[PDB]
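Participant: generate coordinates for the sequence data below:
(4 chains)
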Amino acid sequence: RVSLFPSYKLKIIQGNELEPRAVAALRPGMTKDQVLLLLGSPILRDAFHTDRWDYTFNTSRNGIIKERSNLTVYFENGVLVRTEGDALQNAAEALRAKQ
Amino acid sequence: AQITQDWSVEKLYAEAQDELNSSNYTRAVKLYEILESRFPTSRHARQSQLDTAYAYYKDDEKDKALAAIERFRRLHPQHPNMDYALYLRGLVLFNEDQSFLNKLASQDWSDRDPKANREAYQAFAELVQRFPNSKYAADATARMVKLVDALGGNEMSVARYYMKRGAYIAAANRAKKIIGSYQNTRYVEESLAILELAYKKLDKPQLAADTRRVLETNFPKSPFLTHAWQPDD
Amino acid sequence: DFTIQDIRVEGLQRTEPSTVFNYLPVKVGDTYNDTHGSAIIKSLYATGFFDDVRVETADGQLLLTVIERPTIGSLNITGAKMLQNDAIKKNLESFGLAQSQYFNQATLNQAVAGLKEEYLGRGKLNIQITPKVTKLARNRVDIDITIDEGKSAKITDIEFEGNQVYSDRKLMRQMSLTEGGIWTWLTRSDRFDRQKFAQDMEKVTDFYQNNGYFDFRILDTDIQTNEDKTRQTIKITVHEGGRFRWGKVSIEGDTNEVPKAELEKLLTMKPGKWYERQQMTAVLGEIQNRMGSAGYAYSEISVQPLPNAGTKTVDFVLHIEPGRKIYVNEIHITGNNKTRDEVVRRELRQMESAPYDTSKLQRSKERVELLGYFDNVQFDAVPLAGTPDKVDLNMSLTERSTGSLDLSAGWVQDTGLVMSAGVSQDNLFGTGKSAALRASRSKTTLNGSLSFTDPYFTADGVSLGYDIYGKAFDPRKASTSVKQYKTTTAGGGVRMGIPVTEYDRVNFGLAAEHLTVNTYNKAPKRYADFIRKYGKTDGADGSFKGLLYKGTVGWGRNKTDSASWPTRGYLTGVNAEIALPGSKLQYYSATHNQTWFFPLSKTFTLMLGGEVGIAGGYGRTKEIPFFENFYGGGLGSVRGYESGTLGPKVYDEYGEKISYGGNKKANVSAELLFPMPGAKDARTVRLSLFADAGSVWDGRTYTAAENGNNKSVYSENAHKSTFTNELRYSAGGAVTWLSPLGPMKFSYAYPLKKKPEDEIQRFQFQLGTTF
Amino acid sequence: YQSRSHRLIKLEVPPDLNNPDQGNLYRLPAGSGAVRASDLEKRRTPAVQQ
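Facilitator: Numbers count the residues shown, from 1 in each chain, chains lettered A, B, ... in the order given. Please find the structure below.
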């Protein structure tokens, strides 16, 4: 298995996707059910940091992560307080470019 | 039906059991129902209802075995030999796969399926709950713990296969499932390590630090602290 | 009110009163005035135990008078003519009435009604059903079924109405139902069936609407029987609506991720041809398959026609409304006995947690089925309790036996007895890791083989393996005196595959073979030179020994719908055996293969054969060794004259005839393959007619021989066997039987352009494997 | 080399981590403490008079 050969045929893998326009609809002070219905179910949510709904994406090809874009959102008292991640920027750029 | 000869129920049962001993099943089942059709009011009828399911278990087919064992379950719900029914159902539904062509004495049991294993575990749980003290209960508990270990092994194998492909986003979820719903098994101090590796491979330092802290406070001496995880084989 | 105190029941024979005691939802010490007075009889009537029970209240001991339920001791079956008695017994047991089964009369009535309706659905109209009841011992009863079938129900006339636009003859010739004639008595091509008539109605409405006539309002169906209800006459009335021209298809709606232009390009259509409705169904399926790869599984598409009379046209708008992008939370696998779980996870696409894409799931299902381990494979889609965005893809497996023992024999037209033995295994109770042993033996051939491969060497895929063979060949045998030379080979070699794309997959092969050739008493011209240039003589004979370090590049794809009885699809392959220098006998040989199929009829199918092969000389040796030459002519090649008689022919000692063979092969084949339409469509025998040429060439010319030339002209250019593009025509029927005890190939072919030297064999047969 | 060797340990957790208990599945009370057993070929019952 060592010293792999240049067999140029490798399956592409993905991790999650999110709609760009719906990202702009996010507003601070949002409840859990409404944000889940509006943006989508998070594909990665640990049980060690309950409040940390995450969304990622990685077109992988033999370990080498080609492209990625992650979006996080933090909750407390059952209401949205703040978000972060490079997804907001690229989402805004794509919304300004397409529309 | 070709002989249909009058006899005594005792010699019918003797002929039936000695044909069973001679690895005769196709002709046995056809000579099993004849005695209960001719003599329904007899304990030999119930003995036939049991050993026909036993013989069906001795062969590869299982649907007829399940049908017969359910027939007995619904027919005599209070016979003292009810313990044999549940145990036979558990062994049939476990898919023992009794064949010397594929003995493989190791048989880690992490390959058969989740379906039959789960149903056999449920059957043995019903058995141990019904008869907590019978002629055989410790064997039931041993097979039950072996089956839950096999389920844990299947989950761990599915988790491991994804880590060799790059889909860390899936190994993370599968390891989280194993951590949160598969205690009492042996795959605990490895699921944490593979989850840490998956979190680190996706540029999430806080998650990796937290899960590594949990690992080190739950296992002070483990090779996964110094050496990062590495898929074997 | 009343309190139960150990109620006693009476009136049973074999029901074990303890059981019926346990089935009572009440026991000792319960207050019961009238609450469960009917609950007891409802619970007892359920599960099929009795039919009449009486319960009262009297001095703490209720008198329970019960009568038992009859028991079906044994089922009797007879009278089945159109169907089989075992089949009717099985689909009657599907309704119960197995051994003593607490028989009930209502179940018997329901079963006889169902089977009567089923028989009436067939070409049977007036059928007598007489199930008889008899009183055997204490509770055993026996039921016998007697079916009185008529001859058949043939159709007399098939006619339509309102057919102002189409001729009725083409109608009746287009339906899948004909009228009585001279060639219609066979196969019973005039029976009446409900499902067959429904399928015929669907066929005729598809025929009408594909041609460009729209809305096809089918008024009513008029069946008309005869006296005694034996003959049937059908009457159909329809209504057309004139042709149209649909050319203004359009798409509107939300397409959050998929671009509108990409779907618009997929909306293939033209205002010509009036229309083709099957094309509309196809483009709808295509737009549902495209939207559904980006991750829109539940995308429902609507269509509404905008009809415009006068100009006779209708336009289409498509109000697509997708939503709720669907992921894959978890994909289970069931029925995976005897095989590892990773061997299935390693092949299927749609890895995990990714958007749900049908265009990938279909390839997944096709990939898993192409493994040979499993027979039936499905891909369900069950939602989860977190219904937004989450589904599951629990698989379903039907484990088929893989390992077996191979031991077969056959018969060839010239040599005769051939053997074949060796254990086979497709799964060494683990991953793929297929290992196989094989050793065959004939009166002239012998070649053992031990094979062991490994489908997945690396993580993605590399078919690596090893093998060892001891092939030996010697034609010093019966009347067909092929050129005399004994050959024996031995040695192994690593074979390695390397997929380049999802569909095509090349495979490289290196091998180190040891070879020894042995001649016989005085040899022809093309043998003594070789044995004195490379071999060593031993008295009146000689031999040679060496090594055959060689490589192999190959590539082969196949997309036929079945191994036997083929359809649309085509086999193709490329092969090349190159003897890498370093050892003696530097030669290389390429090969080609093409067997294009064509299903231009529901029964008649076509095949377009073809192959090309060149064996050039390079390196040290300028010529090519004869034992690695090509042998033109034979059953699979030309289907005509005897094998090994193509190419140049020279004379040897005792005035005999042999054939060397040349290194420029090609042949084109073409048949007309169809089964026997005499009895039925039994998938057992297929028939054809052979029509194929051949070719083999060396380039040189032959004039010097054993004092005699077997060619007419003194200076026959051996570069071809005949005029440009050397060939030998042939034609004749081909009979094929495909019983599991080896295939039967009976090919009788009449020769064409029969030269006065090509040994002919107009009748050729094959039996067994003879690989 | 201190990999798993059938060491049953309940997942402890530091505070501020929201322990991932969620209950355990496929209960292993094994009736009591997961004891072992042996074989006797108990796949048939004669029950002639007993």
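Participant: could you point out which element follows the host helix or strand of residue B:198?
Facilitator: Element membership for residue B:198 (DSSP states H and E) is helix B:191-200. Following helix B:191-200 in sequence order, the next helix or strand is helix B:205-218 (DSSP H and E).
Participant: which other helices and strands contact the helix or strand containing residue C:748?
Facilitator: Taking DSSP H and E as the criterion, residue C:748 maps to strand C:744-751. If contacts are counted by 3 or more Cβ pairs under 8 Å, 6 or more residues apart in numbering or on different chains; DSSP states H and E, strand C:744-751 sits against strand C:730-737, strand C:763-767. Any C-beta I mention is one placed from the backbone N, CA and C, and that applies to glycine too.
Participant: which strands border it, and is each parallel or antiparallel?
Facilitator: Using DSSP bridges, the strands paired with strand C:744-751 in its sheet are strand C:730-737 (antiparallel), strand C:763-767 (antiparallel).
Participant: any chance of those in CSV, with distance to residue C:283 and mean neighbour count too?
Facilitator: What follows is the strands paired with strand C:744-751, written out as CSV (distance: least, Cβ to Cβ, whole Å; neighbours: other Cβ atoms under 10 Å in any protein chain shown):
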stretch, distance to residue C:283, mean neighbour count
strand C:730-737, 40, 18
strand C:763-767, 47, 17
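Participant: out of these, nearest to residue C:713?
Facilitator: Taking Cβ to Cβ, strand C:730-737 is the member of the strands paired with strand C:744-751 nearest to residue C:713, at 23.9 Å.
Participant: and the residue nearest the centre of chain A, what does it touch?
Facilitator: Chain A has residue A:55 as the residue nearest its centroid, 2.5 Å off, counting by Cα atoms, centre = their mean. Going by Cβ atoms under 8 Å, 6 or more residues apart in numbering or on different chains, residue A:55 touches A:16, A:18, A:39-40, A:42-44, A:70-72, A:87.
Participant: compute the inter-axis angle for the helix holding residue B:198 and helix B:205-218.
Facilitator: 160 degrees (axes from the mean of the first three to the mean of the last three Cα atoms, to 10 degrees).
Participant: ok, residues contacting helix B:191-200?
Facilitator: Residues outside helix B:191-200 that contact it (Cβ under 8 Å, 6+ apart) are B:156, B:159-160, B:163, B:168-169, B:171-172, B:175-176, B:178-179, B:182, B:207-208, B:211-212, B:214-215, B:218-219, B:222, B:224, B:228-229.
Participant: try 7 Å this time
Facilitator: The set of residues external to helix B:191-200 that reach it, using Cβ atoms under 7 Å, 6 or more residues apart in numbering or on different chains, is B:159, B:163, B:168, B:171-172, B:175-176, B:178-179, B:207-208, B:211-212, B:214-215, B:224, B:228-229.
Participant: buried among the residues you listed? Need that as a selection in PyMOL.
Facilitator: In PyMOL, this line selects whichever of those come out buried by 16 or more other Cβ atoms under 10 Å in any protein chain shown:
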select buried, chain B and resi 159+163+168+171+172+175+176+178+179+207+208+211+212+214+215+224+229
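Participant: which of the contacts of helix B:191-200 are close to chain A?
Facilitator: B:172, B:176, B:207, B:211, B:214 (Cβ under 7 Å from any Cβ of the partner chain).
Participant: can you count the residues close to residue 78?
Facilitator: Went with chain A since none was named. Residues lying near residue A:78 (other Cβ atoms under 10 Å in any protein chain shown) number 9.
Participant: wait, I meant chain B there
Facilitator: 11.
Participant: return stretch B:174-186 as PDB; C-alpha atoms alone will do.
Facilitator: Output of stretch B:174-186 as PDB, limited to C-alpha atoms (Å, rounded to 0.1, in the frame of the first residue of the first chain):
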ATOM      1  CA  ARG B 174     -20.200   8.200  13.700                       C
ATOM      2  CA  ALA B 175     -17.700   8.500  16.600                       C
ATOM      3  CA  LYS B 176     -20.100  10.900  18.300                       C
ATOM      4  CA  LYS B 177     -22.800   8.300  18.000                       C
ATOM      5  CA  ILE B 178     -20.500   5.600  19.400                       C
ATOM      6  CA  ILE B 179     -19.400   7.900  22.300                       C
ATOM      7  CA  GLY B 180     -23.000   9.000  23.200                       C
ATOM      8  CA  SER B 181     -24.900   5.700  22.800                       C
ATOM      9  CA  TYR B 182     -22.400   2.800  22.900                       C
ATOM     10  CA  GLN B 183     -21.000   2.600  26.400                       C
ATOM     11  CA  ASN B 184     -20.300  -0.700  28.200                       C
ATOM     12  CA  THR B 185     -18.300  -1.600  25.100                       C
ATOM     13  CA  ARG B 186     -14.500  -1.500  24.500                       C
END
